[PDB]
Amino acid sequence: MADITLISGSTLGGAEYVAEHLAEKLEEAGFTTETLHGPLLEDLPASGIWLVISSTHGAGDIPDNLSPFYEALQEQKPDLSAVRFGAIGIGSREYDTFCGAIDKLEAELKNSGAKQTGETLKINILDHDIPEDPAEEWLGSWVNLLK
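Going by this note's numbering, the sequence shown opens with residue 4, and the numbers climb by one from there.
Set out below in structure tokens:
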């Protein structure tokens with residue numbers, strides 16, 4: 004049981020460690036969360052809050068990066084107009100628009116109806132990776148905006 008699904012599984016696997024840290028900070032913010040590698044694509048329905056925790060930029064695999072999830076999104080394009088999402092760790096944004104437009108992932112969610120709120124959250128720990136720099140300040144902003 005959660006108010007937010009933490010969909011953390013680019014290739015049916017992903018940054019579950021970072022998603023668990025995010026999930027804990029989101030429960031501390033006053034909510035309940037479900038750290039998942041998206042085993043059902045959408046454990047919470049097309050209503051509520053979603054978050055998507057993937058690394059589409061310098062580690063975005065060949066097709067797009069989200070091999071099962073992207074095809075599943077296009078297959079059903081559910082009425083996400085009653086939910087909002089936040090991309091996290093994703094680098095497609097504005098900034099790795101660089102060899103193509105793998106922003107397709109964000110675009111198809113927005114087409115299906117989920118507003119992106121704020122802008123893509125950036126996460127980092129121990130060793131530099133893809134978005135380079137943590138954004139607990141995004142988490143504070145996005146929370147006090149949604150309150």
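In this text, a Cβ means the ideal position worked out from N, Cα and C, and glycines have one as well.
Return the Cβ separation of residue i and residue j in integer angstroms, given the expectation that the two are a contact with Cβ distance under 8 Å.
i, j, result
"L76", "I10", "So it is not a contact: roughly 11 Å between Cβ atoms."
"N147", "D136", "Not really, about 21 Å apart at Cβ, beyond 8 Å."
"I133", "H24", "About 16 Å separates the two Cβ atoms, so there is no contact after all."
"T123", "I91", "7 Å"
Taking only the alpha-carbon atoms, compute the straight-line gap between residue i and residue j and give it to the nearest angstrom.
i, j, result
"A22", "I56", "7 Å"
"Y73", "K125", "21 Å"
"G94", "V86", "22 Å"
"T14", "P71", "7 Å"
"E30", "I65", "35 Å"
"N114", "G51", "17 Å"
Nearest by alpha-carbon distance to residue i: which of the options is it?
i, options, result
"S58", "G17, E78 and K113", "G17"
"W145", "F88, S50, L83 and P48", "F88"
"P81", "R96, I52 and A117", "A117"
If I measure Cβ to Cβ from residue i and keep anything under 6 Å in the same chain, skipping five residues before and after, which residues do I get?
i, result
"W141", "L124"
Spatial neighbours of residue i within its chain, please: C-beta separation below 7 Å, excluding the five flanking residues on both sides.
i, result
"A49", "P81, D82, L83, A85 and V86"
"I105", "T59, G63, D67, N68 and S95"
For this session: Indicate whether the contact test is met: 3 or more Cβ pairs, each with one atom in the region 106-115 and one in the region 34-44, closer than 8 Å.
Result: Under the Cβ criterion (8 Å, minimum of three pairs), the region 106-115 does not count as touching the region 34-44.
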